[PDB]
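A.B. asks: The sequence shown maps to residues 1 to 370, 1220 to 1234, 1241 to 1408 in the authors' numbering.
Ideal placement from N, C-alpha and C gives every residue a C-beta, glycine not left out.
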Amino acid sequence: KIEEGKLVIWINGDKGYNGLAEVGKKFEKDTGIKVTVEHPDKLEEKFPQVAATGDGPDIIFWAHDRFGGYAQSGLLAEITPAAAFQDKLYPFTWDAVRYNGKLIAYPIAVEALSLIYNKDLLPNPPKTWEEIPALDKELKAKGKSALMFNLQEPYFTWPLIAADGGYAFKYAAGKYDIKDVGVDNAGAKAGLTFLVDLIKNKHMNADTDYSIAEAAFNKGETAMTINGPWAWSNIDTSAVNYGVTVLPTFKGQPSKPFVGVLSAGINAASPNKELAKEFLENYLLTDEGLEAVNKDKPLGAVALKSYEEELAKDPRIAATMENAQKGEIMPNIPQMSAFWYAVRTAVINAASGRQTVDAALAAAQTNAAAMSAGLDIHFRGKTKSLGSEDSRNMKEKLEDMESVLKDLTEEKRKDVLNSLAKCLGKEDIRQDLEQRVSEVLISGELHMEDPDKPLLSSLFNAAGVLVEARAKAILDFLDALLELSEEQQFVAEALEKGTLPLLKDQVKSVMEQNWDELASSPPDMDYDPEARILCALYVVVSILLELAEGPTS
Ligand SMILES: OC[C@H]1O[C@H](O[C@H]2[C@H](O)[C@@H](O)[C@@H](O)O[C@@H]2CO)[C@H](O)[C@@H](O)[C@@H]1O
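See the structure below:
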């Protein structure tokens, strides 16, 4: 379901979609090709699901951080711009859309969060974050609020977290370390802890989201908000006289917002690649086209040199660039999905009081690291010289495995878990145990008990007959556990601290977005992407969670 000779474009709702459609219409008029511009919800999550089937839009507009993940799954076409054309755009923007040396998207614009303030309610904005609690006390007296911004998305929360020294992935030498995730460090704790206090002292509300905060600032009910260029259009149509400035400092350090480069990527499934190329290069990425989009809802500082020269005279763009400078540009790697999901949970849970700050962030680190290790794929291989024609869907396999382990004595369950837990990280222990359980399934062992056979005992029912289903369930778990390398250590961390349910939830969200649908034909050895591993991870986690039933370790 793609469509030849027609362009379908997906872009986020807060951006200038109407303005982009205006560009679309100018394309239709000249070239005679129909351009539809849609703005699905959960757009970034929907695309990889749809694109994996072969369906989906021809062009996708998102910030560059998602694109490496898309590229690794093979859902983006490599772009081939002319060297002459590349010279029209700033070179750093190209770097944002370069994954493993291939260009994978057209950079459109640079966006970064800036502090937006109402000049009437407050003539002089606060240079520090630590001033804000005081001013809220003051503005509460006039019936107003000091600060409201979106707390649901970590994009907005992050600059504060990153200020004193939070980071996503350590970037030393010039290359990212996936195993080193900086959400559990002191600076991150400090930053988040502060944010939580503002909610704890009724200066902000945990329930606040994009709609509420935007509404409140534009109705004049609050003195400040934190937001990107796109937001300015709706404030302009509003009555408010506003300014755009640098974000407040925390612990005498600047807020470090993550910086996105809004980028357009061409679906690998699309037959309209040359159409898309022409549309982006010659129609969108021109002074005329960008102006159309920008006029609807501002892009920020565009990638196009010619048009940026015009825009840079604006004071609001200068404010945006000062913030972008103080912050860091987002990595485009696949692991960013993992990072973001982890932090999203942590922040919401610490704000809602569901977990302590130190706990939420300590989980986020484990889960981010586990996951990020899962998406690696590079330098993954085997060593060797029965095998198992497993014939079964993976969603089915788990359904069966969980069903067998459900029907077990609480004492046997505990015995299984302890024996499986010892395998995490130790390949010899996992190898030994697979041979043992295979010996029982072939031969005969019988009721009894031991210091490592408490498991083998649990394969037998309450009459001392063997349940074959139990043994294979264990073998299937161990076969899955083999696929896992570095993240085994983190699965063990999760089991220990009791954060498997969070990990599972997270694995489930990045498995594109289904499970039922991310399982069809049984392993043909012709597939094998991030999929094979994430499945194993999901299995290993789900089983350990099932066995750590309810609330136990
Ligand atoms: O909240 C995590 C989210 O942040 C970024 O998405 C931004 C992006 O710069 C814009 O598209 C704008 O609409 O705000 C979004 C946040 O609401 C990342 O691009 C994205 O990966 C991440 O999920």
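Given the structure, does residue 62 come close to ligand 1, in the sense that its CB is under 8 Å from one of the ligand's heavy atoms?
C.D. replies: On the sequence shown, position 62 is the one that residue 62 refers to. Flag set: Cβ of residue 62 near ligand 1.
A.B. asks: Helix, strand or coil: how does DSSP classify residue 275 here?
C.D. replies: Taking the first residue of the sequence shown as position 1, residue 275 is located at position 275. Three-state DSSP puts residue 275 in a helix.
A.B. asks: Using a Cβ-based criterion (distance less than 8 Å to any ligand heavy atom), does residue 166 qualify as near ligand 1?
C.D. replies: If you number the sequence shown from 1, residue 166 lands on position 166. Residue 166 Cβ: outside cutoff for every heavy atom of ligand 1.
A.B. asks: Please name the residue or residues paired with residue 222 in a DSSP beta bridge.
C.D. replies: Mapped onto the sequence shown, residue 222 falls at position 222. Answer by DSSP bridge pairing, in chain order: 145.
A.B. asks: Could you give the uninterrupted runs of the alpha helix (DSSP H) lying entirely in the segment 1285-1363, keeping only those of 4 residues or more?
C.D. replies: Whole alpha helix (DSSP H) segments, 4+ residues: 1309-1313, 1323-1338 and 1343-1352.
A.B. asks: Measuring alpha carbon to alpha carbon, tell me which residue in 1376, 335, 190 and 1342 is nearest residue 1244.
C.D. replies: In the sequence shown, the residue the question calls residue 1244 occupies position 389. With distances taken between Cα atoms, residue 1244 lies closest to 1376.
A.B. asks: Is it the case that the Cβ atoms of residue 285 and residue 304 are separated by a distance below 9 Å?
C.D. replies: As a position in the sequence shown, residue 285 is number 285, starting the count at 1. As a position in the sequence shown, residue 304 is number 304, starting the count at 1. Their beta carbons are under 9 Å apart, which means residue 285 touches residue 304 by this criterion.
A.B. asks: Using only the heavy atoms of ligand 1, determine whether one of them is closer than 8 Å to the beta carbon of residue 111.
C.D. replies: Counting from one through the sequence shown, the residue named residue 111 turns up at place 111. Residue 111 Cβ: within cutoff of ligand 1.
A.B. asks: Taking DSSP as the reference, what is the three-state secondary structure of residue 131?
C.D. replies: Position 131 of the sequence shown, counting from 1, holds the residue named residue 131. Three-state result, residue 131: coil.
A.B. asks: Is residue 182 near residue 167, with beta carbons less than 9 Å apart?
C.D. replies: Taking the first residue of the sequence shown as position 1, residue 182 is located at position 182. Taking the first residue of the sequence shown as position 1, residue 167 is located at position 167. In contact: residue 182 and residue 167 (Cβ atoms closer than 9 Å).
A.B. asks: Quick check: residue 258 and residue 351, are their CB atoms within less than 9 Å of each other?
C.D. replies: Taking the first residue of the sequence shown as position 1, residue 258 is located at position 258. Taking the first residue of the sequence shown as position 1, residue 351 is located at position 351. No.
A.B. asks: Just how far apart, CA to CA, sit residue 1337 and residue 1289?
C.D. replies: Mapped onto the sequence shown, residue 1337 falls at position 482. Mapped onto the sequence shown, residue 1289 falls at position 434. When rounded, the distance between both Cα atoms is 11 Å.
A.B. asks: Where residue 30 and residue 279 are concerned, what is the direct C-alpha to C-alpha distance, given to the nearest angstrom?
C.D. replies: Counting from one through the sequence shown, the residue named residue 30 turns up at place 30. Counting from one through the sequence shown, the residue named residue 279 turns up at place 279. Spanning the two alpha carbons is a distance of roughly 11 Å.
A.B. asks: Find the nearest neighbour of residue 1358 within the set 164, 306, 361 and 139, judged by alpha-carbon distance.
C.D. replies: Here the question's residue 1358 lines up with position 503 in the sequence shown. When each option's Cα is compared against that of residue 1358, the closest is 361.
A.B. asks: Distance, Cα to Cα, residue 206 vs residue 1324?
C.D. replies: Counted from its first residue, the sequence shown places residue 206 at position 206. Counted from its first residue, the sequence shown places residue 1324 at position 469. Rounded to the nearest angstrom, the two C-alpha atoms are 47 Å apart.
A.B. asks: Which runs of the beta strand (DSSP E), 3 residues or longer, sit entirely within the segment 251-336?
C.D. replies: Complete beta strand (DSSP E) runs here, min 3: 258-266.
A.B. asks: Could you tell me the distance, in whole angstroms, from the CA atom of residue 83 to the CA atom of residue 97?
C.D. replies: By 1-based counting over the sequence shown, the position of residue 83 is 83. By 1-based counting over the sequence shown, the position of residue 97 is 97. Using only the alpha carbons, I get a separation of about 16 Å.
A.B. asks: Rounded to whole angstroms, what's the CA-CA distance from residue 232 to residue 1397? Just pull it up for me.
C.D. replies: As a position in the sequence shown, residue 232 is number 232, starting the count at 1. As a position in the sequence shown, residue 1397 is number 542, starting the count at 1. Spanning the two alpha carbons is a distance of roughly 45 Å.
A.B. asks: Round the Cβ separation of residue 48 and residue 70 to the nearest angstrom and send it over; I've been treating them as touching at under 8 Å.
C.D. replies: Position 48 of the sequence shown holds residue 48. Position 70 of the sequence shown holds residue 70. Between residue 70 and residue 48 the Cβ distance is about 6 Å, and since that is below 8 Å, they are a contact.
A.B. asks: Taking residue 237 as the reference, give the member of 208, 297, 202 and 120 with the closest Cα.
C.D. replies: Counting from 1 along the sequence shown, the entry for residue 237 is found at position 237. Taking only the C-alpha atoms, the option nearest residue 237 is 297.
A.B. asks: What's the gap between the Cα of residue 1276 and the Cα of residue 163?
C.D. replies: Working through the sequence shown from its first residue, we reach residue 1276 at position 421. Working through the sequence shown from its first residue, we reach residue 163 at position 163. Answer to the nearest angstrom: the Cα atoms are 38 Å apart.
A.B. asks: Would you list, in sequence order, the uninterrupted beta strand (DSSP E) runs of no fewer than 3 residues that lie entirely inside the segment 47-78?
C.D. replies: As far as the segment 47-78 is concerned, its whole beta strand (DSSP E) runs of at least 3 residues are 59-63.
A.B. asks: Any idea what DSSP makes of residue 1238, helix, strand or coil?
C.D. replies: Any structural detail on residue 1238 is unavailable, because the chain resumes at 1241 straight after 1234.
A.B. asks: When the Cβ atoms of the segment 307-322 are set against those of the segment 342-356, are three or more pairs found closer than 8 Å?
C.D. replies: No contact exists between the segment 307-322 and the segment 342-356.
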